[PDB]
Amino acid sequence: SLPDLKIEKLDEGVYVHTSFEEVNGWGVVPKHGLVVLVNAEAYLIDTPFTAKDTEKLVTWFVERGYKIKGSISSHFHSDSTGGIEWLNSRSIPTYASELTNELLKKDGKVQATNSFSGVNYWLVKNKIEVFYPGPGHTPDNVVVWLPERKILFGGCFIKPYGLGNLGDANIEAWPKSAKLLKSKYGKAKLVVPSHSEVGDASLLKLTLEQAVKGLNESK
């Protein structure tokens, strides 16, 4: 059996959720997202892989008196978006980029109910920022910045030890995108990847290195 959903406190008002899925050719894959609390309201930064774990995650916070105000998905793959359909059935607002929703639609998947377009977007003004660094892991991948805590959720874009599945990646653009990300958040206290442990801003440097290598390798 797969490991259970985990929820762990990372900082004041910031929790990491980890869910697990068997993915062909990789075996058991962990996926980290966040829950961010603003007063008595909770925001999901990426859904778990499944509806089941999305329900478990929501239930946990609601039973502790936090109202789920919305989710945002950092890219179209189902490790960030698998719970959108269940959230929509419960009338909890879901958010994704215009490009992410276009890629969901193209793949015949449920879309987020709200979309945003542009390089920067405030999900919650002065608290939860979204930034598009450019194509990398996928054409649509965005990151989420919490300015009060100096925490960056890098999602599946942050790849310190190797780039992973390149099926939907843009390996030519990833170094440029990673350099932009490094330049913007070099002062981050914590960087949270989807698929490896939380670190500091060096994860931005290591990601840039791994992208520059992959592009070289591909020739």
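The numbering used is simple: start at 1 and walk along the sequence shown. Rigid core here is just the name for the largest C-alpha set that superposes within 1.5 Å across the two forms.
S.K.: Hey, after superposing on the core, which one moves around more in 7 other deposited structures of this protein, 24-32 or 163-171, CA-wise?
M.R.: Per-stretch check in 7 other deposited structures of this protein: the more divergent one is 24-32.
S.K.: Of the two stretches 153-161 and 43-51, which shows the higher Cα B-factor on average in the entry?
M.R.: Mean C-alpha B-factor is greater for 153-161.
S.K.: Could you settle it for me: does 28-36 or 180-188 have the higher average Cα B factor in the PDB entry?
M.R.: The stretch with the larger mean CA B-factor is 180-188.
S.K.: Taking the C-alpha B-factors as the PDB entry records them, is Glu148 in the lowest, middle or highest third of its chain?
M.R.: As the PDB entry reports it, the C-alpha B-factor of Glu148 lands in the highest third of its chain.
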